[PDB]
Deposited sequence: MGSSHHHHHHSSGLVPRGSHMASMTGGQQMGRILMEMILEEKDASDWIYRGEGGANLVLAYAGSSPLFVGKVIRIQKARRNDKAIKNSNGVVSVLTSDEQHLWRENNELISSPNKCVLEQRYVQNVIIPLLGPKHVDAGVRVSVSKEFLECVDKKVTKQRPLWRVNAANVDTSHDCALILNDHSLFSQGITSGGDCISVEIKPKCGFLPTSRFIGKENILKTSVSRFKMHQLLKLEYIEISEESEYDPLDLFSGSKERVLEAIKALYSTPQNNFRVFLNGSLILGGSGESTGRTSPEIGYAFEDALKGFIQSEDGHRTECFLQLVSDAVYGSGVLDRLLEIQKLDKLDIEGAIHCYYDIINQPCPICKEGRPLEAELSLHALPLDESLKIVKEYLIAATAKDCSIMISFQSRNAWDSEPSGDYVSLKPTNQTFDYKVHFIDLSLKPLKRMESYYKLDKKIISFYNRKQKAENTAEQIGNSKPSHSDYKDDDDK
C-alpha cells in the first residue's frame, strides 16, 4: 500500500508539534476515512550507537527499519504496557513516495506558523508515515489537552541554590522564561498540579485556566475543525470576542451558558476517566530529576562527566534510569484527546458519550539529555534571578 504524488491532494493540515505534521483525510477512500497521517519533520540510522546501547534490552525497538516502525514499536512495546490499550492506538505503517512528501510540504506551508517553517519542513528522505485514527471523529466536539508535568521533584541531587525547583512547578517556572523570549504574550493561568491533583474541584479549576489562556495546552475542535486554540502553535488569551464566537459555536451541541457547561463537562470527563492517574505514574519515572539523571547519561555515552554516588552504580541501573527518564519525558509532553457525542450534564440534563486518547506520543532522542540539562539549568537561574526582584 503506497501513497503517491496524486494523494497529496486528499490530505489537509490539522497541525504540528515540533517533530510532526498531521494531515486529516478529506478524500473518499474507506482505508483513510477518519484517519490522520503523522509525518515526521526534519529540522535544519534509526538509532545512534549510543541509543542502541541504551535500548539494548529491546530486541524489536532496536531493529526497526525506519523511524515510523520505530515510533510504532516504541508506543506498542514500551508505552502500551504502561498506559493500557484502550487509550493508546500505536497506529499503522504506510509507505509514501518521496514525491508525495514533497507536494504535501509545499501544499500546506501556507497554513503553518512562520516560525515553525523557519525551523523545519517535512522529511522528504522518508519512504513512510504513520496513520492514526482521527480522535476528533467519534456532531463531535473534541478536546485536546497538553497537561505537561503534574508533580514536583524531591531529588537529593537538586542543589541548595535550585531548591525552588522543589516548590514551584516546572510549568510555572517556564512560563516566565517563555515570556522573556516572546513565545507567549501573557503568563498561563493553567496549573498542572491542579489537574493531576486528583481533586474533583481542582481539576475543573484547571479546565477553566486552560480556556482563559490555552497557549499550546488547550484545543477544541468541532467536526475535526479548530474552534479554540492555536494552529500548530500556542495562542494568546481568550478574549471576549474569541469567547463570543466559541459560545456561538457550542450552539446546538450543548443545550443552554453553553461555555460554562462545556467546561464542566470536559472536567467531569477528565476526572471520571481517571486517565491522569496512570500518566502521572509514568511522568514519575523521572525519579531523580534531570540534575540526577544527567550523570547516568555520561557513563552511558562513555564520557567523563562534565558536571562533576551515581557513578558507582551498576551499568544495568544507570541504563534503567536513563530509559526511565525518557519514557517519562514522553509522558510529560504528550496530549490527551477527549471525544464527545458517559457524562450527564445537570442543568439542561443531557448525556454525552466519550472516548479518551493519548496522542503526541514520541520517542525522545537520547542525545537530548544534554539540552534537557541546559534548559533546566536556564529555567531555574531565570526564576531564582527574577525572585531577587523583591
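Within the chain's deposited sequence, the coordinate-free stretches run 1-36, 81-92, 187-194, 313-315, 368-377, 411-422, 472-493 in sequence order.
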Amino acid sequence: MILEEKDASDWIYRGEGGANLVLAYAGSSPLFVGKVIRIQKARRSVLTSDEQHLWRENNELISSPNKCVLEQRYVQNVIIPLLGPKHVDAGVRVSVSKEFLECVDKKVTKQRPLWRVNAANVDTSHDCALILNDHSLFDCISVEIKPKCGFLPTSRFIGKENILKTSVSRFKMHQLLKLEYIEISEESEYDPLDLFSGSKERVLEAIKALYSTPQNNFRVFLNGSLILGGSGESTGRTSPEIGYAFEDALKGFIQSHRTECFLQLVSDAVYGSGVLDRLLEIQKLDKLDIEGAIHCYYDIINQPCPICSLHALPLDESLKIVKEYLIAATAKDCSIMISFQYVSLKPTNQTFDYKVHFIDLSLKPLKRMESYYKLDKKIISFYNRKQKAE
From here on, numbers count along this sequence of modelled residues.
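For the segment pair 290-298 and 246-254, the entry gives 246-254 the higher mean B-factor, averaged over Cα atoms. For the pair 122-130 and 69-77, the record assigns the higher mean C-alpha temperature factor to 122-130. Sorting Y211, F151, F157, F100 by the CA temperature factor given in the entry leaves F100 at the top. Taking the PDB entry at face value, the top CA B factor among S335, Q40, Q350, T48 belongs to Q350.
The PDB entry assigns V104 a C-alpha temperature factor belonging to the highest third of its chain's modelled residues. In the PDB entry, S273 places in the highest third of its chain by CA B-factor. Sorting the modelled residues of the chain by their CA temperature factor places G236 in the middle third.
Per the PDB record, residue ranking by Cα B-factor puts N20 in the middle third of the chain. For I182, the recorded CA temperature factor ranks within the lowest third of the chain's modelled residues.
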